[PDB]
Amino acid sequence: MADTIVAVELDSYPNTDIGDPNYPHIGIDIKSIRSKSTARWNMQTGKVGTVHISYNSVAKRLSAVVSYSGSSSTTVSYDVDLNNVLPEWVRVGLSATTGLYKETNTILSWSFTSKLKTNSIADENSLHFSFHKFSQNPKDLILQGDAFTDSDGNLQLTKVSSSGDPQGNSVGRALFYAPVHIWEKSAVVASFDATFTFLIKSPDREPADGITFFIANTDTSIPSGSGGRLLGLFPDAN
């Protein structure tokens, strides 16, 4: 069967033939590339941006905010019970693609916290990780497809040359090595927060295709046919 995917997308390229709004946008994706909720994103190609993502099983609202130094922020939210969508054990990761058009999909930092609180207090679990730059040989990441860490310590999700020039038709993903426990039958509340900073540079008039933070089944792998507009996440546009 296909993987089960929940994602927040920073979608730089409007694919209106598969339901994208006709502008760069942020979106919340629940098992489909066709986002349940979107907000218009005013990209600053060449500038370092920041994304903050949060979810709590009591509120049942997955939210995301994108900002840049000295600019107005873009926000997006969706009401959803993640226990009905995802398995109890997941992996978390970042993905990016290029297609006919291209961009650098550079990650400068990534942090993530999750918590599982139950009935009994001494029945609980937490996981936190934080990367400010990345090791050249990162043993706590599963790197998939074209993803790699360059000589500056930056995570490049898609291909770039030695001079830093991006390449088209590229796909890559980075997953945290340990599975994450996001629900159980006795749980009272589960929550997570994620942050990443990113640098999209591009020589193209319309940069493409984007970067996601995603949560999937533990054995998730890049699907066949998921390049370009499908963001390395989905086998089709349904």
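The first residue of the sequence shown is number 1, and the count goes up from there.
Trainee: Mind pulling up the entry and telling me whether 178-186 or 55-63 has the higher mean Cα temperature factor?
Mentor: Result: 178-186.
Trainee: Which is higher on average in the deposited entry, the C-alpha temperature factors of 46-54 or of 188-196?
Mentor: Stretch with the higher mean C-alpha B-factor: 188-196.
Trainee: Determine which member of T98, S111, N83, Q156 has the highest CA B-factor, using the values in the deposited entry.
Mentor: Across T98, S111, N83, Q156, the entry lists the biggest C-alpha B-factor for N83.
Trainee: Which of these has the highest Cα B-factor in the record: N15, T220, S12, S224?
Mentor: That would be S224.
Trainee: Would you please rank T212 by its C-alpha temperature factor against the other modelled residues of its chain and give the third it falls in: lowest, middle or highest?
Mentor: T212: CA B-factor falls in the lowest third of its chain.
Trainee: Can you tell me whether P166 has a C-alpha B-factor in the lowest, middle or highest third compared with the other modelled residues of the same chain?
Mentor: As the PDB entry reports it, the C-alpha B-factor of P166 lands in the middle third of its chain.
Trainee: Going by what the PDB entry lists, where does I5 fall on CA B-factor within its chain: lowest, middle or highest third?
Mentor: It falls in the middle third of the chain.
Trainee: Select lowest, middle or highest to describe the third in which the CA B-factor of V160 falls within its chain in this entry.
Mentor: It falls in the top third of the chain.
Trainee: Among the chain's modelled residues, which third holds the C-alpha B-factor of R173?
Mentor: It belongs to the lowest third of the chain when residues are ordered by C-alpha B-factor.
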